[PDB]
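The block underneath contains the structure these notes are about, expressed in C-alpha cells.
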Amino acid sequence: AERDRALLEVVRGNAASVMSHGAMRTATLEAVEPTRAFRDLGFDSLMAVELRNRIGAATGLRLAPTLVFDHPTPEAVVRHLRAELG
Amino acid sequence: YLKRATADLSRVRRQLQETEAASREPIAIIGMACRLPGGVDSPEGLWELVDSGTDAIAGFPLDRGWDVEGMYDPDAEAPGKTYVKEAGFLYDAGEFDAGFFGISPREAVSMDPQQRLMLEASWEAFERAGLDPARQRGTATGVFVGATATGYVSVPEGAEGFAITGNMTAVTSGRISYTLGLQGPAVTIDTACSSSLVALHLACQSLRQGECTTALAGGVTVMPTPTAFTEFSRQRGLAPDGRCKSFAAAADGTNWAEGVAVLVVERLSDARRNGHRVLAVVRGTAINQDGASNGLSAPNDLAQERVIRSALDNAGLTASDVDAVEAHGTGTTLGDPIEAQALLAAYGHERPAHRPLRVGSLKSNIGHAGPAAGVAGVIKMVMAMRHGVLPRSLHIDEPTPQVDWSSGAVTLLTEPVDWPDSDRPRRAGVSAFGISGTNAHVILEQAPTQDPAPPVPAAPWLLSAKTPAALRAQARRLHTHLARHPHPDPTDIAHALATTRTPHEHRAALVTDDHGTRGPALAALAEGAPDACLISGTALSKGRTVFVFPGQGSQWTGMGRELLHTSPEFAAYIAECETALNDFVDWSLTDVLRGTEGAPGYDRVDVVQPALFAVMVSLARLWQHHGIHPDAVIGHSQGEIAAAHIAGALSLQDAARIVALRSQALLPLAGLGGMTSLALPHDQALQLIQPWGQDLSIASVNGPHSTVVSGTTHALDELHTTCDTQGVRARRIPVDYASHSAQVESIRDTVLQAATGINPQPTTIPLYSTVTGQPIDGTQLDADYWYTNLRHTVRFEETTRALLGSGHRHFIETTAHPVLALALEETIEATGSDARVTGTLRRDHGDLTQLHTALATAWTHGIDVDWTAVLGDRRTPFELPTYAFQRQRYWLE
C-alpha cells in the first residue's frame, strides 16, 4: 500500500532532474503538490519525452512518449505505473 | 674502399648488440592482484600489512567441515592429527561472483576455489594494468600459473561433469584463457613451493621469444582440507605456534598459507610504446635444480648460489647492484641456514660492509603460501620499491646462530629501513625453492623515471556493471577512491573510465562541464537516486543503427557556430561542404553560419536548405569520426540529398549541386503556397482535403497521427477555417513554398536541370527512400528521382516501419535540432518496438556539452563509441578501483 510513496519519489526525483538542466538547479520535490500539472511546472514536449525515458529506465517499462500529457500530474503518472507493474 | 667495409662492420656490431640485449630484455610488471591472509585483497592492502608489521596467522576456519577440536594433539606421531592450531587463511575463499563469469550457482559450488580465485584475480590484474579485460579477447596473451590439486572434491545433483573440469589443475590456467578469450598458451606449472616464480620465469621467456605480447604469471593455494597440516606436522616441519620465524634463532618450522597472487607482464619496450605505467621491471630471472643434494627434500646452498649468479648474469648485474632479497625464508631449522649461507656467498662479498643486502620474508607475516608464495613476494617487493621502504621481517628474536653472519655483508630486516631513490635504481632479488629441488630467483629493478594534455569540456564519465547493484557499488567505490585524492584531472579520469574498463549491460554516464557536480552525481548513482547530469540505461543486446536526415525545421541562428571553434573535425567537414557549394552559390557557407555582415540568413530557401545539408552531413561525419557507423540512412525531402551523400550514392560535389540548384529552383513559387501540419492520421487527412482537389496535397506522413498538407494560399486559408470548425489541430509551417504539391510541376524543367551531369553511384550504406518506402539502389537517384522527391509525398512513417521491420533499433537524427524525433517515437510506440531515438544538438545547444551528452546517451543504449576519438589517444594513466564483484559463498559441504 505504501508503495505509492516510493513510486512518487521515482516520478518526483526524475521530474526535478529534468527541471534541473542548465543554470538553475536549486529545485526540490517534497514541497510541490503531487496534483500539480507538469505543464504548470514548465514542461515542454522535449522535457515530457525526457521524463518518460527517465521513468522508463528506472521502472524497466516501455511507456508511451505521450506519458506526461496522458497522465498530467505526478499522481496520475503513479497510478499508471502502478497499473503496468501490479 | 675500406670506408664501406668499416661502415658495414659498425652496422653489424650495433645489430649484434641490440639483438643480444633483446634476448635479455627487461620485462615490465604493469598490473598485479592478490588475496592473502590478514584482509589483503590488493597490492596496497599487502603493503599496509607489511608496513604495519602485521602477523596474519589466526585460528583454523570453522565453516569447512573440519574437525578443528578433534584434530589437535601436541604429539607429532599421532595419526591424522596436527599440533598446529593456527595458520594463514582466506576466510572468504568460497566468496565468488559466479554470475559475472557466466557460471551457474551449481557449477560454482562444484568448482575448485583455486580456479575461482584465479578468475577474479586475473580480471583485477588486467584492470590494474589499465587494460580493459574484454579488449584482450583474441590477443596473444599467455597464462602461466603455479598450482597443485588440493582435494576440494573429497557433489550437487546435475554437476558431476562440471566437477571434472572444475577441479582439473590444468583448468586453473585454461579457464582464464577460455573466459577472457586469450589465445597465447595457458600452462599450469607444478614445481611445489617455487611454482609461481617458475611460472613468472616462463612468462618472461615466452615474452622474450616473441611468443606472447602480454602474459599473466601467478599462483594459487587453497586448502579445503586440513591434510597439509597433518602430513607435514608428522615430519615435524611445522612451527608449533604457527609462525614462520624467518632467519630467527627461535625458528622451529614453517606453516601453510592460502593465497592468490598474479602479475600482468609485457616487454619493457612494449609498455613504453603502449603508454602503460611500469610498476617495476623483471631485469633478470633464472631457474635450476639442487641436483645431487643430501636428500630429495633437502635444499642445496651451492645450487641456490648458482641460480642467483645465473639471474645476475641474465640481468647484466653484479651482487652489489642488489639492495635486498625477499627470501624464500620458510622458518625451518634446515632451510633457513642453507638459504642465508647461499645469500652470504652469492651476494655478501663484493659489496660495501655499510651497504649489506637486507633480507626479509613475507612468510614471517602470512605463512608459506606454497605455489603462490613466490609471486606474492614479488608483489611485496614491487610495493616496497614504490613506497621507498624495506619492511620489517617478523619474529626475529636474534639472527640464527646456525649462520656465520660475520662472513659476509647480509643483514636481516629486524626493523624497517628507508630505501633511497637517489644515485642508482632500487633493485631486489626474490627467491623461491621447492621440495622437488627446482629453484627460482628473480631480480626486480625500479620502474625507469623516464616515464601536457589540454582538457576536453564535459568529458563523459562512463560506468557500467553486469547488474544494477554492481553498478551502484561501482559508483560508491569510485566516489570513495576520488575522495582520497587531492585534485585529479577530470579528463584523465574520463579517459581511464572509458578506455581501460569493460562496457557491461547496465550503464551510466556523467556529462557536465561544472565543478562539484560529478561527485554528488556519483553518490546519486550509488544510492539509486537520479541527477540532471546522470544519464542511465541498459544496453540493447542487438540493434542496427540509422542516421535520420530531416528536411525543413532544424535550423537556428547560431547553429554550427560553437562547434566551428571547439571541433576541428566539424570545421574541416564544413570547409569541404563550402568548397562543394561555392561553384553553385554566390554566398559563403562559413559567413552564413557565423551570421557575418552582408551574408544572407535562413529566411531564404536557397540558403537554409544548402546550409542545413552542410550541417547534417558534417554532424553525420562527426558521428562516424567518433566511431558510430550507421547500418542504414533515411532522409526527409531535401534531407535525402544529405542521406544519399552519406550513403555513398552522391559525391559531396554532386549532392551540393542538387541541394543548391533545386532550392534556387523553388524561388518562383514564393508566396503562392505553404504547408500546414495536421494532428490527423493519413486517411483522415486525405478525406479532409478532398473538397480542394489538386489545390491541396498530402506533403508528408511522418507518424500515425502526423500529416503535413501543402497547396495554394487560398486552399490552405479555407482548410484552416474548416480545421477551426471541426476541431482538428493544425499548425502552419513557417515556409513560403508549397513543396510536394502540384505547384512544383511549373518548375519541373529547372528542377530536373539541378541534377544534370550527376553520376549516381551504388550505396555503401543502405538508403531507405522516403519516395518509395523501401531501400533503393544508389544508381537510381537520377534527376527524375530528385524531381519526384520534391513533387510527391514524403513517406517517412512507412519507411520508418520498414527500418523497424528489418532490425533497426537505434535512430540518430544528425541535426542542429530534433524535428522528426517525436514522429519516430510515435511510430515506434504504434509498432511496439524496443527502439531508441536520440538527437545530436538542440536549438541554443550547439556545444561539446550537448554533443557529448548525445554521444553518452547513445553509448548508454548500447551504441559502440570510439572514446579515443572523443577523449584523445593518450592521457596520463589514472588508476581506478577494480570491478565491484558481487560475491556469494559457494562451498561443497
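Letters A, B, ... go to the chains of the C-alpha cells in the order shown; residues in each chain start at 1; ligands are counted from 1 in the same order.
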
Spatial neighbours of residue 503 of chain B, max dist 8 Å, only C-alpha atoms, sep filter under 3 positions, as a VMD selection string: chain B and resid 463 to 465 507

Chain A contacts to chain B at 8 Å (only C-alpha atoms) as JSON, numbers by chain: {"A": [13, 14, 17, 18, 20, 21, 54, 57, 62, 64, 65]}

Distance query residue 84 of chain B at most 9 Å, only C-alpha atoms, self and fewer than 4 positions along chain excluded, as number ranges by chain: B: 72-74, 229-230, 233, 238-242, 255

Would you save the residues from that selection as an mmCIF file, in the first residue's frame, using N, CA, C and O atoms?
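Once everything was written out, this is selection23.cif:
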```cif
data_model
loop_
_atom_site.group_PDB
_atom_site.id
_atom_site.type_symbol
_atom_site.label_atom_id
_atom_site.label_comp_id
_atom_site.auth_asym_id
_atom_site.auth_seq_id
_atom_site.Cartn_x
_atom_site.Cartn_y
_atom_site.Cartn_z
ATOM 1 N N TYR B 72 43.455 -31.686 16.955
ATOM 2 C CA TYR B 72 44.631 -31.241 17.716
ATOM 3 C C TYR B 72 45.227 -32.336 18.626
ATOM 4 O O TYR B 72 44.511 -33.085 19.290
ATOM 5 N N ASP B 73 46.560 -32.393 18.649
ATOM 6 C CA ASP B 73 47.330 -33.289 19.511
ATOM 7 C C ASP B 73 48.789 -32.796 19.492
ATOM 8 O O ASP B 73 49.333 -32.653 18.398
ATOM 9 N N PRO B 74 49.428 -32.476 20.639
ATOM 10 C CA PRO B 74 50.823 -31.992 20.582
ATOM 11 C C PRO B 74 51.836 -33.030 20.085
ATOM 12 O O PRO B 74 52.912 -32.648 19.624
ATOM 13 N N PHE B 229 48.505 -29.795 7.002
ATOM 14 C CA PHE B 229 48.872 -29.618 8.404
ATOM 15 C C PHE B 229 49.149 -30.955 9.073
ATOM 16 O O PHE B 229 50.126 -31.068 9.804
ATOM 17 N N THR B 230 48.312 -31.970 8.825
ATOM 18 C CA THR B 230 48.503 -33.282 9.439
ATOM 19 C C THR B 230 49.756 -34.017 8.877
ATOM 20 O O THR B 230 50.507 -34.625 9.653
ATOM 21 N N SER B 233 53.227 -31.801 9.803
ATOM 22 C CA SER B 233 53.487 -31.767 11.244
ATOM 23 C C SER B 233 54.001 -33.165 11.698
ATOM 24 O O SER B 233 54.849 -33.229 12.587
ATOM 25 N N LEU B 238 56.587 -28.208 10.731
ATOM 26 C CA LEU B 238 55.791 -27.028 11.053
ATOM 27 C C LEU B 238 56.069 -26.435 12.430
ATOM 28 O O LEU B 238 56.415 -27.149 13.370
ATOM 29 N N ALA B 239 55.907 -25.117 12.543
ATOM 30 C CA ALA B 239 56.122 -24.409 13.791
ATOM 31 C C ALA B 239 54.938 -24.665 14.722
ATOM 32 O O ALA B 239 53.809 -24.360 14.344
ATOM 33 N N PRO B 240 55.152 -25.201 15.939
ATOM 34 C CA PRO B 240 54.015 -25.417 16.857
ATOM 35 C C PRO B 240 53.117 -24.189 17.072
ATOM 36 O O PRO B 240 51.894 -24.338 17.116
ATOM 37 N N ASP B 241 53.705 -22.982 17.210
ATOM 38 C CA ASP B 241 52.895 -21.772 17.404
ATOM 39 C C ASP B 241 52.272 -21.230 16.085
ATOM 40 O O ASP B 241 51.407 -20.356 16.138
ATOM 41 N N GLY B 242 52.686 -21.778 14.945
ATOM 42 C CA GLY B 242 52.176 -21.429 13.631
ATOM 43 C C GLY B 242 52.897 -20.291 12.941
ATOM 44 O O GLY B 242 52.451 -19.862 11.881
ATOM 45 N N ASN B 255 54.872 -22.917 8.115
ATOM 46 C CA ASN B 255 53.435 -23.078 8.275
ATOM 47 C C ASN B 255 52.743 -22.673 6.984
ATOM 48 O O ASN B 255 53.240 -21.815 6.266
#
```

Residue set, segment 188-286 of chain B restricted to strand (DSSP E or B), as a PyMOL selection string: chain B and resi 188-189+214-221+238+248+254+256-257+259-267+280-286

Just-selected residues, N, CA, C and O atoms written as a compact mmCIF listing (two decimals), in the first residue's frame:
```
# COMPACT_ATOMS: atom_id res chain seq x y z
N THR B 188 49.84 -24.83 -16.63
CA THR B 188 49.82 -24.99 -15.19
C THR B 188 51.13 -25.68 -14.84
O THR B 188 51.48 -26.71 -15.43
N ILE B 189 51.89 -25.06 -13.94
CA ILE B 189 53.22 -25.48 -13.50
C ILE B 189 53.12 -26.05 -12.11
O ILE B 189 52.45 -25.48 -11.25
N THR B 214 51.64 -10.03 -24.19
CA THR B 214 51.38 -9.81 -22.77
C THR B 214 51.20 -11.19 -22.12
O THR B 214 50.84 -12.14 -22.82
N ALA B 215 51.38 -11.30 -20.80
CA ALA B 215 51.16 -12.57 -20.11
C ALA B 215 50.73 -12.38 -18.67
O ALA B 215 51.09 -11.39 -18.03
N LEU B 216 49.99 -13.36 -18.15
CA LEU B 216 49.60 -13.45 -16.75
C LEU B 216 50.56 -14.45 -16.13
O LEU B 216 50.74 -15.53 -16.69
N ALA B 217 51.15 -14.13 -14.99
CA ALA B 217 52.03 -15.05 -14.28
C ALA B 217 51.60 -15.02 -12.82
O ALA B 217 51.46 -13.94 -12.26
N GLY B 218 51.36 -16.18 -12.22
CA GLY B 218 50.93 -16.22 -10.84
C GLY B 218 50.83 -17.59 -10.25
O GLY B 218 51.37 -18.55 -10.79
N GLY B 219 50.16 -17.65 -9.11
CA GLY B 219 49.93 -18.89 -8.40
C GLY B 219 48.76 -18.80 -7.45
O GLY B 219 48.28 -17.71 -7.14
N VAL B 220 48.29 -19.96 -7.00
CA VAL B 220 47.13 -20.01 -6.12
C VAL B 220 47.21 -21.21 -5.21
O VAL B 220 47.67 -22.28 -5.62
N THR B 221 46.74 -21.04 -3.97
CA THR B 221 46.72 -22.10 -2.97
C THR B 221 45.49 -21.94 -2.13
O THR B 221 45.28 -20.88 -1.54
N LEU B 238 56.59 -28.21 10.73
CA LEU B 238 55.79 -27.03 11.05
C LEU B 238 56.07 -26.44 12.43
O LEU B 238 56.42 -27.15 13.37
N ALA B 248 65.39 -16.53 12.24
CA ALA B 248 65.49 -16.30 13.68
C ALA B 248 66.13 -17.48 14.41
O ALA B 248 66.05 -18.61 13.95
N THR B 254 58.04 -24.20 9.47
CA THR B 254 57.26 -23.35 8.58
C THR B 254 55.76 -23.55 8.89
O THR B 254 55.40 -24.21 9.86
N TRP B 256 51.63 -23.32 6.67
CA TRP B 256 50.96 -23.10 5.40
C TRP B 256 50.04 -21.90 5.38
O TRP B 256 49.53 -21.45 6.40
N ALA B 257 49.88 -21.35 4.19
CA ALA B 257 49.03 -20.22 3.93
C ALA B 257 48.30 -20.41 2.62
O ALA B 257 48.77 -21.10 1.71
N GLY B 259 46.36 -18.36 -0.62
CA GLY B 259 46.58 -17.11 -1.34
C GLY B 259 46.46 -17.20 -2.83
O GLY B 259 46.54 -18.29 -3.40
N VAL B 260 46.29 -16.07 -3.46
CA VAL B 260 46.31 -15.96 -4.92
C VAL B 260 47.16 -14.73 -5.19
O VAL B 260 47.08 -13.75 -4.44
N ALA B 261 48.05 -14.80 -6.18
CA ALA B 261 48.94 -13.68 -6.49
C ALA B 261 49.23 -13.72 -7.97
O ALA B 261 49.72 -14.74 -8.45
N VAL B 262 48.88 -12.67 -8.71
CA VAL B 262 49.09 -12.65 -10.15
C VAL B 262 49.70 -11.34 -10.62
O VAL B 262 49.45 -10.28 -10.03
N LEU B 263 50.45 -11.42 -11.72
CA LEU B 263 51.09 -10.29 -12.37
C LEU B 263 50.70 -10.27 -13.83
O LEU B 263 50.49 -11.31 -14.45
N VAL B 264 50.64 -9.08 -14.40
CA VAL B 264 50.47 -8.90 -15.83
C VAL B 264 51.83 -8.35 -16.25
O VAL B 264 52.29 -7.35 -15.70
N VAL B 265 52.50 -9.06 -17.15
CA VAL B 265 53.82 -8.70 -17.63
C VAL B 265 53.81 -8.47 -19.12
O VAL B 265 52.95 -8.99 -19.85
N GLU B 266 54.78 -7.68 -19.59
CA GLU B 266 54.91 -7.32 -21.00
C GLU B 266 56.37 -6.83 -21.25
O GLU B 266 56.97 -6.33 -20.31
N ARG B 267 56.93 -6.93 -22.47
CA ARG B 267 58.30 -6.44 -22.72
C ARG B 267 58.37 -4.92 -22.42
O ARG B 267 57.42 -4.21 -22.72
N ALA B 280 57.29 -1.95 -12.02
CA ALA B 280 58.63 -2.47 -11.74
C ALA B 280 59.08 -3.30 -12.95
O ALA B 280 58.25 -3.66 -13.78
N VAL B 281 60.35 -3.61 -13.05
CA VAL B 281 60.89 -4.37 -14.17
C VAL B 281 61.55 -5.65 -13.63
O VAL B 281 62.23 -5.62 -12.61
N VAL B 282 61.29 -6.78 -14.30
CA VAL B 282 61.94 -8.05 -14.01
C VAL B 282 63.15 -7.98 -14.93
O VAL B 282 63.02 -8.15 -16.14
N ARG B 283 64.30 -7.59 -14.37
CA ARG B 283 65.51 -7.42 -15.16
C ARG B 283 66.21 -8.75 -15.48
O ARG B 283 66.70 -8.93 -16.60
N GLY B 284 66.26 -9.64 -14.51
CA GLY B 284 66.89 -10.95 -14.67
C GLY B 284 66.09 -12.03 -13.99
O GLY B 284 65.40 -11.77 -13.01
N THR B 285 66.15 -13.23 -14.53
CA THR B 285 65.43 -14.36 -13.98
C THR B 285 66.18 -15.64 -14.32
O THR B 285 66.85 -15.71 -15.35
N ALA B 286 66.12 -16.63 -13.43
CA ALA B 286 66.77 -17.91 -13.67
C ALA B 286 66.13 -19.01 -12.86
O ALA B 286 65.62 -18.76 -11.78
```

Selected residue, from B:630, B:416, B:568, B:80, that lies nearest to residue 227 of chain B when counting only C-alpha atoms: B:80

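Counting only C-alpha atoms, the residue from B:711, B:757, B:253, B:133 that sits nearest to residue 364 of chain B is B:253.
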
Neighbour list for segment 732-745 of chain B as a list in words, cut-off 8 Å, only C-alpha atoms, skip fewer than 5 positions in-chain: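 Residues near the query, excluding close chain neighbours: residues 666, 669, 670, 671, 672, 673, 674, 675, 676, 677, 694, 695, 696, 697, 698, 699, 700, 710, 711, 712, 789, 790, 791, 792, 793 and 794 of chain B.
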
Helix (DSSP H, G or I) per DSSP on the backbone: members of segment 291-443 of chain B, as a PDB file with C-alpha atoms, in the first residue's frame:
```pdb
ATOM      1  CA  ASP B 301      73.346 -23.967  -0.917  1.00  0.00           C
ATOM      2  CA  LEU B 302      75.616 -24.422  -3.970  1.00  0.00           C
ATOM      3  CA  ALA B 303      72.555 -24.716  -6.269  1.00  0.00           C
ATOM      4  CA  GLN B 304      70.986 -21.596  -4.665  1.00  0.00           C
ATOM      5  CA  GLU B 305      74.219 -19.614  -5.237  1.00  0.00           C
ATOM      6  CA  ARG B 306      74.251 -20.820  -8.876  1.00  0.00           C
ATOM      7  CA  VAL B 307      70.607 -19.749  -9.526  1.00  0.00           C
ATOM      8  CA  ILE B 308      71.369 -16.287  -8.023  1.00  0.00           C
ATOM      9  CA  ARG B 309      74.522 -15.887 -10.220  1.00  0.00           C
ATOM     10  CA  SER B 310      72.527 -17.045 -13.279  1.00  0.00           C
ATOM     11  CA  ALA B 311      69.805 -14.405 -12.518  1.00  0.00           C
ATOM     12  CA  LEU B 312      72.504 -11.739 -12.074  1.00  0.00           C
ATOM     13  CA  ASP B 313      74.168 -12.704 -15.411  1.00  0.00           C
ATOM     14  CA  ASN B 314      70.748 -12.741 -17.171  1.00  0.00           C
ATOM     15  CA  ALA B 315      70.230  -9.146 -15.821  1.00  0.00           C
ATOM     16  CA  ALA B 319      75.826  -8.752  -6.378  1.00  0.00           C
ATOM     17  CA  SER B 320      76.452  -5.145  -5.175  1.00  0.00           C
ATOM     18  CA  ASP B 321      73.768  -3.809  -7.581  1.00  0.00           C
ATOM     19  CA  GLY B 335      66.218 -24.433   5.141  1.00  0.00           C
ATOM     20  CA  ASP B 336      66.943 -21.075   6.748  1.00  0.00           C
ATOM     21  CA  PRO B 337      70.747 -21.574   7.446  1.00  0.00           C
ATOM     22  CA  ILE B 338      71.281 -23.016   3.952  1.00  0.00           C
ATOM     23  CA  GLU B 339      69.499 -20.037   2.291  1.00  0.00           C
ATOM     24  CA  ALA B 340      71.386 -17.497   4.444  1.00  0.00           C
ATOM     25  CA  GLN B 341      74.720 -19.229   3.569  1.00  0.00           C
ATOM     26  CA  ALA B 342      73.924 -19.070  -0.170  1.00  0.00           C
ATOM     27  CA  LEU B 343      72.875 -15.380   0.225  1.00  0.00           C
ATOM     28  CA  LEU B 344      76.137 -14.602   2.113  1.00  0.00           C
ATOM     29  CA  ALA B 345      78.269 -16.284  -0.594  1.00  0.00           C
ATOM     30  CA  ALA B 346      76.306 -15.117  -3.704  1.00  0.00           C
ATOM     31  CA  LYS B 363      56.218 -15.757   5.146  1.00  0.00           C
ATOM     32  CA  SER B 364      57.001 -14.114   8.545  1.00  0.00           C
ATOM     33  CA  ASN B 365      53.679 -12.165   8.147  1.00  0.00           C
ATOM     34  CA  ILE B 366      51.256 -14.611   6.461  1.00  0.00           C
ATOM     35  CA  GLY B 370      53.086 -22.774  -1.386  1.00  0.00           C
ATOM     36  CA  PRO B 371      52.656 -22.416  -5.190  1.00  0.00           C
ATOM     37  CA  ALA B 372      51.552 -18.737  -4.731  1.00  0.00           C
ATOM     38  CA  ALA B 373      54.398 -17.764  -2.354  1.00  0.00           C
ATOM     39  CA  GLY B 374      56.970 -16.647  -4.948  1.00  0.00           C
ATOM     40  CA  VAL B 375      54.787 -14.165  -6.841  1.00  0.00           C
ATOM     41  CA  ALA B 376      53.248 -12.941  -3.531  1.00  0.00           C
ATOM     42  CA  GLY B 377      56.833 -11.979  -2.536  1.00  0.00           C
ATOM     43  CA  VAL B 378      57.401 -10.040  -5.807  1.00  0.00           C
ATOM     44  CA  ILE B 379      54.126  -8.047  -5.154  1.00  0.00           C
ATOM     45  CA  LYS B 380      55.572  -7.211  -1.705  1.00  0.00           C
ATOM     46  CA  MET B 381      58.865  -6.018  -3.261  1.00  0.00           C
ATOM     47  CA  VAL B 382      57.146  -4.046  -6.052  1.00  0.00           C
ATOM     48  CA  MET B 383      55.176  -2.209  -3.324  1.00  0.00           C
ATOM     49  CA  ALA B 384      58.367  -1.765  -1.226  1.00  0.00           C
ATOM     50  CA  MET B 385      60.085  -0.157  -4.261  1.00  0.00           C
ATOM     51  CA  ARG B 386      57.114   2.144  -4.934  1.00  0.00           C
ATOM     52  CA  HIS B 387      56.741   3.225  -1.248  1.00  0.00           C
ATOM     53  CA  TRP B 405      76.732 -13.639   9.805  1.00  0.00           C
ATOM     54  CA  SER B 406      80.230 -12.079  10.091  1.00  0.00           C
ATOM     55  CA  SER B 407      81.318 -13.982   6.908  1.00  0.00           C
TER      56      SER B 407
END
```

Write out as a compact mmCIF listing (two decimals) with N, CA, C and O atoms, in the first residue's frame each polymer residue whose atoms come within 12 Å of residue 10 of chain A, counting only C-alpha atoms; drop sequence neighbours fewer than 5 positions from it.
```txt
# COMPACT_ATOMS: atom_id res chain seq x y z
N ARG A 3 3.70 1.59 -1.24
CA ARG A 3 4.47 1.60 -2.49
C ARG A 3 4.21 2.84 -3.35
O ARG A 3 5.09 3.22 -4.13
N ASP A 4 3.03 3.48 -3.23
CA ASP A 4 2.72 4.69 -3.99
C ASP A 4 3.65 5.85 -3.61
O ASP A 4 3.95 6.68 -4.47
N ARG A 5 4.12 5.92 -2.35
CA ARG A 5 5.05 6.95 -1.90
C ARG A 5 6.43 6.73 -2.55
O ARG A 5 7.10 7.69 -2.91
N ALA A 15 11.49 14.13 -12.38
CA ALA A 15 10.93 15.40 -12.84
C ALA A 15 11.83 16.55 -12.40
O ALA A 15 12.16 17.43 -13.21
N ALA A 16 12.29 16.52 -11.13
CA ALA A 16 13.20 17.53 -10.58
C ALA A 16 14.49 17.59 -11.41
O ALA A 16 14.96 18.68 -11.70
N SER A 17 15.02 16.40 -11.82
CA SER A 17 16.22 16.27 -12.65
C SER A 17 16.04 16.88 -14.04
O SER A 17 16.94 17.55 -14.52
N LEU A 29 11.60 18.52 -4.60
CA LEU A 29 10.37 17.77 -4.86
C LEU A 29 9.31 17.79 -3.74
O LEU A 29 8.15 18.05 -4.01
N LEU A 51 11.38 12.92 -19.52
CA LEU A 51 10.87 12.39 -18.26
C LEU A 51 10.33 10.97 -18.45
O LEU A 51 10.54 10.14 -17.57
N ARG A 52 9.71 10.69 -19.61
CA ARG A 52 9.22 9.35 -19.96
C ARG A 52 10.42 8.40 -20.01
O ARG A 52 10.34 7.29 -19.48
N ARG A 54 13.41 8.69 -18.54
CA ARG A 54 13.97 8.50 -17.21
C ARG A 54 13.12 7.56 -16.36
O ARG A 54 13.68 6.72 -15.65
N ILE A 55 11.79 7.70 -16.41
CA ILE A 55 10.90 6.82 -15.64
C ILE A 55 10.95 5.40 -16.22
O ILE A 55 10.97 4.44 -15.45
N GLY A 56 10.97 5.29 -17.54
CA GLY A 56 11.06 4.01 -18.23
C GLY A 56 12.34 3.25 -17.90
O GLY A 56 12.32 2.02 -17.80
N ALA A 57 13.46 3.97 -17.72
CA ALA A 57 14.73 3.34 -17.37
C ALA A 57 14.73 2.89 -15.90
O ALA A 57 15.25 1.82 -15.59
N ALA A 58 14.14 3.71 -15.01
CA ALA A 58 14.07 3.40 -13.58
C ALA A 58 13.15 2.20 -13.28
O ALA A 58 13.52 1.33 -12.50
N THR A 59 11.96 2.16 -13.91
CA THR A 59 10.99 1.08 -13.71
C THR A 59 11.23 -0.14 -14.62
O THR A 59 10.75 -1.23 -14.30
N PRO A 74 2.12 14.17 -11.34
CA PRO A 74 2.88 13.03 -10.80
C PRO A 74 1.97 11.95 -10.22
O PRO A 74 2.24 10.77 -10.41
N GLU A 75 0.85 12.37 -9.58
CA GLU A 75 -0.17 11.47 -9.02
C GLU A 75 -0.76 10.57 -10.13
O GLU A 75 -0.81 9.36 -9.96
N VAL A 77 0.56 9.87 -13.04
CA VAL A 77 1.64 9.02 -13.57
C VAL A 77 1.86 7.82 -12.64
O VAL A 77 2.07 6.72 -13.13
N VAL A 78 1.80 8.03 -11.31
CA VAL A 78 2.00 6.95 -10.34
C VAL A 78 0.95 5.84 -10.54
O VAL A 78 1.33 4.67 -10.59
N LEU A 81 1.81 3.78 -13.62
CA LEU A 81 2.93 2.86 -13.36
C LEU A 81 2.46 1.71 -12.47
O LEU A 81 2.87 0.57 -12.68
N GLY B 528 20.98 5.02 -6.06
CA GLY B 528 19.82 4.78 -6.90
C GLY B 528 18.95 6.00 -7.15
O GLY B 528 17.86 5.86 -7.71
N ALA B 529 19.41 7.20 -6.76
CA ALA B 529 18.68 8.45 -6.97
C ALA B 529 19.05 9.05 -8.33
O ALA B 529 20.18 8.86 -8.79
N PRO B 530 18.15 9.82 -8.98
CA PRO B 530 18.52 10.45 -10.26
C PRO B 530 19.31 11.76 -10.09
O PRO B 530 19.41 12.29 -8.99
N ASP B 531 19.88 12.26 -11.18
CA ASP B 531 20.60 13.54 -11.20
C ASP B 531 20.58 14.10 -12.62
O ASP B 531 20.63 13.32 -13.58
```

Surrounding residues of residue 632 of chain B excluding itself and chain neighbours under 6 positions, 8 Å, only C-alpha atoms, as a PyMOL selection string: chain B and resi 544-547+647+765-768

Extract, using only C-alpha atoms, all DNA, RNA and protein residues at most 8 Å from residue 174 of chain B, discarding same-chain residues fewer than 2 positions from it, and format them as a PDB file with C-alpha atoms, in the first residue's frame.
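Output contents, as saved in around27.pdb:
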```pdb
ATOM      1  CA  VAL B 143      48.709 -17.583 -18.855  1.00  0.00           C
ATOM      2  CA  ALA B 170      45.267 -27.755 -15.932  1.00  0.00           C
ATOM      3  CA  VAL B 171      41.952 -25.797 -15.992  1.00  0.00           C
ATOM      4  CA  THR B 172      43.271 -23.396 -13.223  1.00  0.00           C
ATOM      5  CA  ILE B 176      41.280 -17.914 -17.643  1.00  0.00           C
ATOM      6  CA  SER B 177      42.159 -18.168 -21.334  1.00  0.00           C
ATOM      7  CA  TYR B 178      38.699 -19.589 -22.083  1.00  0.00           C
ATOM      8  CA  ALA B 186      47.905 -21.470 -20.777  1.00  0.00           C
ATOM      9  CA  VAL B 187      50.300 -23.647 -18.715  1.00  0.00           C
TER      10      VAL B 187
END
```

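The space between atom CA of residue 434 of chain B and atom CA of residue 237 of chain B spans 13.8 Å.
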
Atom CA of residue 418 of chain B to atom CA of residue 398 of chain B, distance in Å rounded to a single decimal: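 Distance between the two atoms: 21.5 Å.
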